[PDB]
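Chemist: Take a look at query29.cif, mmCIF, C-alpha atoms and all ligand atoms:
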data_upload
#
loop_
_atom_site.group_PDB
_atom_site.id
_atom_site.type_symbol
_atom_site.label_atom_id
_atom_site.label_comp_id
_atom_site.auth_asym_id
_atom_site.auth_seq_id
_atom_site.Cartn_x
_atom_site.Cartn_y
_atom_site.Cartn_z
ATOM 1 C CA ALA A 1 -66.634 -11.413 7.553
ATOM 2 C CA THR A 2 -63.114 -12.337 6.384
ATOM 3 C CA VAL A 3 -61.904 -10.120 3.532
ATOM 4 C CA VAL A 4 -58.367 -9.756 2.133
ATOM 5 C CA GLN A 5 -56.778 -7.878 -0.765
ATOM 6 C CA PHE A 6 -53.856 -8.172 -3.167
ATOM 7 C CA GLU A 7 -50.674 -6.219 -2.531
ATOM 8 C CA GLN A 8 -49.945 -3.431 -5.013
ATOM 9 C CA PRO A 9 -46.694 -2.871 -7.015
ATOM 10 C CA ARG A 10 -43.473 -1.812 -5.261
ATOM 11 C CA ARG A 11 -40.832 0.870 -5.761
ATOM 12 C CA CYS A 12 -37.864 -0.812 -7.362
ATOM 13 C CA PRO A 13 -34.319 0.334 -6.515
ATOM 14 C CA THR A 14 -32.910 3.018 -8.778
ATOM 15 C CA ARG A 15 -29.784 1.949 -10.635
ATOM 16 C CA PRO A 16 -27.038 4.121 -9.060
ATOM 17 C CA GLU A 17 -25.759 6.853 -11.359
ATOM 18 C CA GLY A 18 -22.208 5.577 -11.081
ATOM 19 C CA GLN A 19 -18.680 6.744 -10.495
ATOM 20 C CA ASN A 20 -16.865 9.392 -12.536
ATOM 21 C CA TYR A 21 -13.214 8.876 -13.407
ATOM 22 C CA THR A 22 -10.526 11.413 -14.266
ATOM 23 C CA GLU A 23 -8.142 10.342 -17.016
ATOM 24 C CA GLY A 24 -4.528 11.231 -16.320
ATOM 25 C CA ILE A 25 -0.870 10.300 -16.624
ATOM 26 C CA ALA A 26 1.018 9.362 -13.480
ATOM 27 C CA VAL A 27 4.635 8.741 -12.483
ATOM 28 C CA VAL A 28 5.136 6.946 -9.164
ATOM 29 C CA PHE A 29 8.326 7.653 -7.193
ATOM 30 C CA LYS A 30 9.750 5.638 -4.288
ATOM 31 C CA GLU A 31 12.401 6.074 -1.617
ATOM 32 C CA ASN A 32 15.951 5.897 -2.955
ATOM 33 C CA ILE A 33 18.194 3.280 -1.343
ATOM 34 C CA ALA A 34 20.965 3.428 -3.933
ATOM 35 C CA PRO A 35 24.140 5.185 -2.749
ATOM 36 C CA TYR A 36 25.300 8.205 -4.695
ATOM 37 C CA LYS A 37 28.069 6.926 -6.959
ATOM 38 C CA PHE A 38 30.906 8.984 -8.438
ATOM 39 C CA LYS A 39 34.297 8.025 -9.864
ATOM 40 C CA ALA A 40 37.563 9.285 -8.369
ATOM 41 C CA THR A 41 41.304 8.750 -8.766
ATOM 42 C CA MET A 42 43.755 7.641 -6.080
ATOM 43 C CA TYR A 43 47.422 8.625 -5.976
ATOM 44 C CA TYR A 44 49.761 6.921 -3.525
ATOM 45 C CA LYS A 45 53.129 5.172 -3.235
ATOM 46 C CA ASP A 46 53.737 1.813 -1.591
ATOM 47 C CA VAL A 47 56.941 1.776 0.486
ATOM 48 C CA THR A 48 58.829 -1.181 1.975
ATOM 49 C CA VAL A 49 62.087 -1.811 3.841
ATOM 50 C CA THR B 1 -53.274 -7.823 2.847
ATOM 51 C CA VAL B 2 -51.922 -10.913 1.114
ATOM 52 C CA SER B 3 -49.214 -10.695 -1.530
ATOM 53 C CA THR B 4 -48.566 -12.448 -4.837
ATOM 54 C CA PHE B 5 -44.898 -11.378 -4.795
ATOM 55 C CA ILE B 6 -41.824 -13.487 -4.034
ATOM 56 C CA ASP B 7 -39.146 -11.731 -2.006
ATOM 57 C CA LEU B 8 -35.458 -11.489 -2.873
ATOM 58 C CA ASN B 9 -32.844 -9.658 -0.799
ATOM 59 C CA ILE B 10 -29.646 -8.348 -2.384
ATOM 60 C CA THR B 11 -27.193 -6.189 -0.439
ATOM 61 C CA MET B 12 -24.126 -4.811 -2.196
ATOM 62 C CA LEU B 13 -20.701 -6.086 -1.176
ATOM 63 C CA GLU B 14 -19.319 -3.352 1.069
ATOM 64 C CA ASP B 15 -16.043 -1.553 0.449
ATOM 65 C CA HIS B 16 -12.879 -2.876 2.076
ATOM 66 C CA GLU B 17 -9.496 -1.174 2.399
ATOM 67 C CA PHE B 18 -6.182 -3.056 2.340
ATOM 68 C CA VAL B 19 -3.557 -1.509 4.628
ATOM 69 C CA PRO B 20 0.128 -2.130 3.799
ATOM 70 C CA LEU B 21 1.598 -5.060 5.710
ATOM 71 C CA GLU B 22 5.165 -6.369 6.016
ATOM 72 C CA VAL B 23 6.405 -9.332 8.040
ATOM 73 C CA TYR B 24 9.975 -7.983 8.047
ATOM 74 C CA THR B 25 11.182 -4.601 6.836
ATOM 75 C CA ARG B 26 14.455 -4.328 4.938
ATOM 76 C CA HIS B 27 15.966 -2.460 7.893
ATOM 77 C CA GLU B 28 15.379 -5.517 10.086
ATOM 78 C CA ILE B 29 16.964 -7.619 7.334
ATOM 79 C CA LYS B 30 20.010 -5.343 7.174
ATOM 80 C CA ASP B 31 20.168 -5.632 10.971
ATOM 81 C CA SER B 32 19.863 -9.434 10.747
ATOM 82 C CA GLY B 33 23.565 -9.730 9.982
ATOM 83 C CA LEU B 34 25.631 -9.868 13.145
ATOM 84 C CA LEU B 35 28.185 -7.432 11.669
ATOM 85 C CA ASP B 36 27.252 -4.769 9.134
ATOM 86 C CA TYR B 37 30.611 -4.425 7.387
ATOM 87 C CA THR B 38 30.078 -0.780 6.395
ATOM 88 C CA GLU B 39 29.335 0.493 9.910
ATOM 89 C CA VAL B 40 32.317 -1.411 11.333
ATOM 90 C CA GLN B 41 34.529 0.212 8.695
ATOM 91 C CA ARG B 42 33.209 3.724 9.357
ATOM 92 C CA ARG B 43 33.710 3.349 13.107
ATOM 93 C CA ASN B 44 37.200 1.857 12.847
ATOM 94 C CA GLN B 45 38.500 4.432 10.336
ATOM 95 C CA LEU B 46 37.998 7.278 12.855
ATOM 96 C CA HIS B 47 40.712 6.203 15.299
ATOM 97 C CA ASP B 48 43.400 8.727 14.330
ATOM 98 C CA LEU B 49 40.990 11.666 14.158
ATOM 99 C CA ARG B 50 39.508 10.436 17.472
HETATM 100 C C1 LIG C 1 -20.827 11.778 -11.843
HETATM 101 O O1 LIG C 1 -21.452 12.634 -12.849
HETATM 102 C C2 LIG C 1 -22.869 12.435 -12.987
HETATM 103 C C3 LIG C 1 -23.332 13.283 -14.148
HETATM 104 O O2 LIG C 1 -24.689 13.046 -14.500
HETATM 105 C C4 LIG C 1 -23.560 12.737 -11.664
HETATM 106 O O3 LIG C 1 -24.965 12.621 -11.860
HETATM 107 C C5 LIG C 1 -25.553 13.192 -10.665
HETATM 108 O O4 LIG C 1 -26.420 12.196 -10.044
HETATM 109 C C6 LIG C 1 -26.868 12.646 -8.756
HETATM 110 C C7 LIG C 1 -27.583 11.491 -8.091
HETATM 111 O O5 LIG C 1 -26.857 11.127 -6.923
HETATM 112 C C8 LIG C 1 -27.667 13.955 -8.851
HETATM 113 O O6 LIG C 1 -27.893 14.433 -7.528
HETATM 114 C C9 LIG C 1 -26.903 15.022 -9.635
HETATM 115 O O7 LIG C 1 -27.698 16.166 -9.950
HETATM 116 C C10 LIG C 1 -26.372 14.468 -10.950
HETATM 117 N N1 LIG C 1 -25.575 15.491 -11.607
HETATM 118 C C11 LIG C 1 -25.635 15.756 -12.916
HETATM 119 C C12 LIG C 1 -24.811 16.909 -13.379
HETATM 120 O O8 LIG C 1 -26.297 15.068 -13.707
HETATM 121 C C13 LIG C 1 -23.006 11.771 -10.618
HETATM 122 O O9 LIG C 1 -23.627 11.875 -9.341
HETATM 123 C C14 LIG C 1 -21.498 11.998 -10.480
HETATM 124 N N2 LIG C 1 -20.905 11.112 -9.478
HETATM 125 C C15 LIG C 1 -21.358 10.911 -8.227
HETATM 126 C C16 LIG C 1 -20.569 9.926 -7.403
HETATM 127 O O10 LIG C 1 -22.377 11.465 -7.791
HETATM 128 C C1 LIG C 2 -31.888 -8.211 3.798
HETATM 129 O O1 LIG C 2 -30.431 -8.118 4.016
HETATM 130 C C2 LIG C 2 -29.817 -8.748 5.156
HETATM 131 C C3 LIG C 2 -29.736 -10.233 4.881
HETATM 132 O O2 LIG C 2 -28.866 -10.514 3.794
HETATM 133 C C4 LIG C 2 -30.509 -8.392 6.471
HETATM 134 O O3 LIG C 2 -29.807 -7.279 7.001
HETATM 135 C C5 LIG C 2 -29.101 -7.591 8.205
HETATM 136 O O4 LIG C 2 -29.830 -8.394 9.109
HETATM 137 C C6 LIG C 2 -29.087 -8.631 10.308
HETATM 138 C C7 LIG C 2 -29.797 -9.734 11.055
HETATM 139 O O5 LIG C 2 -29.942 -10.884 10.232
HETATM 140 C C8 LIG C 2 -28.987 -7.321 11.075
HETATM 141 O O6 LIG C 2 -28.251 -7.529 12.275
HETATM 142 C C9 LIG C 2 -28.291 -6.274 10.213
HETATM 143 O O7 LIG C 2 -28.429 -4.993 10.821
HETATM 144 C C10 LIG C 2 -28.901 -6.195 8.810
HETATM 145 N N1 LIG C 2 -28.073 -5.374 7.934
HETATM 146 C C11 LIG C 2 -26.825 -5.684 7.550
HETATM 147 C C12 LIG C 2 -26.155 -4.690 6.650
HETATM 148 O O8 LIG C 2 -26.256 -6.713 7.915
HETATM 149 C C13 LIG C 2 -31.955 -7.951 6.280
HETATM 150 O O9 LIG C 2 -32.702 -8.247 7.455
HETATM 151 C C14 LIG C 2 -32.586 -8.641 5.083
HETATM 152 N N2 LIG C 2 -34.008 -8.336 5.005
HETATM 153 C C15 LIG C 2 -34.945 -8.949 5.735
HETATM 154 C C16 LIG C 2 -36.356 -8.490 5.509
HETATM 155 O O10 LIG C 2 -34.668 -9.809 6.564
#
Could you render the structure from this file as structure tokens?
Modeler:
Amino acid sequence: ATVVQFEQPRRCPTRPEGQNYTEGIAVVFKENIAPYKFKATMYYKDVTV
Amino acid sequence: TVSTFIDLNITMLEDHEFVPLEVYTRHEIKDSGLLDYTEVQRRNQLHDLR
């Protein structure tokens, strides 16, 4: 009357193929907060009485 | 059906993105001072031309 069976093998997950990476050289720039700086010369005369 | 197998459940750790976060920006820090000396100077040196 009562009859059972063994379970058969299963499909195991495939190992994912994986990511591909591009080799490159990179230079990262940011916002400039430094003021523009340039040298100048002042000419004036102090006066007093 | 009965099974001779022992289960095991593995789920990959999902991706997670980190957004940029700042408590205070440097503009708020520059504004923290009660008197920005530069702006006071620029305003006050316009009196003759104004
Ligand atoms: C990176 O390159 C490999 C090269 O083998 C890709 O392999 C592919 O694998 C998928 C399975 O998802 C197949 O559909 C493609 O036919 C394969 N291509 C080749 C040329 O083999 C791999 O998929 C690439 N990266 C990603 C994220 O898929
Ligand atoms: C295998 O993976 C997880 C347990 O680590 C289960 O998946 C989640 O189950 C919850 C309820 O517990 C559901 O609300 C979610 O939708 C399921 N998926 C995710 C991504 O969380 C899953 O049930 C486990 N397998 C078995 C047979 O229980």
Chemist: Pick out the chain B residues within 10 Å of chain A. Count all atoms listed in the file. Give them as a PyMOL selection string.
Modeler: chain B and resi 1-5
Chemist: Mind telling me what the PyMOL selection byres (((not hetatm)) within 8 of (chain C and resi 2)) catches here, as a VMD selection string?
Modeler: chain B and resid 9 to 11
Chemist: Residues contacting ligand LIG 1 (chain C) - anything with an atom at most 7 Å away, using only C-alpha atoms and all ligand atoms - can you give me those as a PDB file with C-alpha atoms, in the frame of the given file?
Modeler:
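Saved as out-v8.pdb:
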ATOM      1  CA  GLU A  17     -25.759   6.853 -11.359  1.00  0.00           C
ATOM      2  CA  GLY A  18     -22.208   5.577 -11.081  1.00  0.00           C
ATOM      3  CA  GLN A  19     -18.680   6.744 -10.495  1.00  0.00           C
ATOM      4  CA  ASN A  20     -16.865   9.392 -12.536  1.00  0.00           C
TER       5      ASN A  20
END
Chemist: Quote the spacing between atom CA of residue 36 of chain B and atom CA of residue 35 of chain A in Å to one decimal place.
Modeler: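 Calculated distance between atom CA of residue 36 of chain B and atom CA of residue 35 of chain A is 15.8 Å.
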Chemist: Work out how far apart atom CA of residue 44 of chain B and atom CA of residue 32 of chain B are and give it in Å to one decimal.
Modeler: 20.8 Å
Chemist: As an exercise, work out the distance from atom CA of residue 32 of chain A to atom CA of residue 22 of chain B in Å and give it to one decimal place.
Modeler: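 Rounded to one decimal, the two atoms are 18.6 Å apart.
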Chemist: How would segment 18-42 of chain B read, as a compact mmCIF listing (two decimals), in the coordinates of the input, once N, CA and C atoms are built in?
Modeler:
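The resulting file, part17.txt, is shown below:
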# COMPACT_ATOMS: atom_id res chain seq x y z
N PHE B 18 -7.34 -2.23 2.04
CA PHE B 18 -6.18 -3.06 2.34
C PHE B 18 -5.04 -2.15 2.80
N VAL B 19 -4.66 -2.28 4.06
CA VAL B 19 -3.56 -1.51 4.63
C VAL B 19 -2.24 -2.20 4.28
N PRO B 20 -1.14 -1.47 4.12
CA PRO B 20 0.13 -2.13 3.80
C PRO B 20 0.63 -2.95 4.98
N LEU B 21 1.15 -4.14 4.68
CA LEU B 21 1.60 -5.06 5.71
C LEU B 21 2.91 -5.70 5.29
N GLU B 22 3.86 -5.75 6.22
CA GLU B 22 5.16 -6.37 6.02
C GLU B 22 5.49 -7.24 7.22
N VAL B 23 5.95 -8.47 6.96
CA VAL B 23 6.40 -9.33 8.04
C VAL B 23 7.74 -8.84 8.58
N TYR B 24 8.68 -8.54 7.69
CA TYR B 24 9.98 -7.98 8.05
C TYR B 24 10.30 -6.84 7.10
N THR B 25 10.71 -5.70 7.66
CA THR B 25 11.18 -4.60 6.84
C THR B 25 12.65 -4.82 6.47
N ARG B 26 13.08 -4.15 5.40
CA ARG B 26 14.46 -4.33 4.94
C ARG B 26 15.47 -3.80 5.94
N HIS B 27 15.06 -2.91 6.84
CA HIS B 27 15.97 -2.46 7.89
C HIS B 27 16.23 -3.57 8.90
N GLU B 28 15.19 -4.34 9.24
CA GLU B 28 15.38 -5.52 10.09
C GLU B 28 16.25 -6.56 9.40
N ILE B 29 16.15 -6.66 8.07
CA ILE B 29 16.96 -7.62 7.33
C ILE B 29 18.42 -7.17 7.31
N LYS B 30 18.65 -5.87 7.10
CA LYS B 30 20.01 -5.34 7.17
C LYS B 30 20.59 -5.52 8.57
N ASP B 31 19.74 -5.40 9.60
CA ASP B 31 20.17 -5.63 10.97
C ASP B 31 20.26 -7.11 11.32
N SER B 32 19.78 -8.01 10.45
CA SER B 32 19.86 -9.43 10.75
C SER B 32 21.31 -9.90 10.82
N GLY B 33 22.16 -9.37 9.94
CA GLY B 33 23.56 -9.73 9.98
C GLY B 33 24.21 -9.28 11.28
N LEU B 34 25.03 -10.16 11.85
CA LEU B 34 25.63 -9.87 13.14
C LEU B 34 26.63 -8.73 13.06
N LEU B 35 27.20 -8.49 11.87
CA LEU B 35 28.18 -7.43 11.67
C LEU B 35 27.92 -6.78 10.32
N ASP B 36 27.32 -5.58 10.34
CA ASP B 36 27.25 -4.77 9.13
C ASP B 36 28.65 -4.25 8.83
N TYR B 37 29.22 -4.73 7.72
CA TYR B 37 30.61 -4.42 7.39
C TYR B 37 30.85 -2.92 7.25
N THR B 38 29.90 -2.21 6.64
CA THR B 38 30.08 -0.78 6.40
C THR B 38 30.21 -0.01 7.70
N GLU B 39 29.31 -0.26 8.66
CA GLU B 39 29.34 0.49 9.91
C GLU B 39 30.61 0.20 10.70
N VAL B 40 31.05 -1.06 10.70
CA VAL B 40 32.32 -1.41 11.33
C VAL B 40 33.46 -0.61 10.71
N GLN B 41 33.48 -0.55 9.38
CA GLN B 41 34.53 0.21 8.70
C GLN B 41 34.50 1.68 9.09
N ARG B 42 33.31 2.30 9.05
CA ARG B 42 33.21 3.72 9.36
C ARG B 42 33.64 4.01 10.79
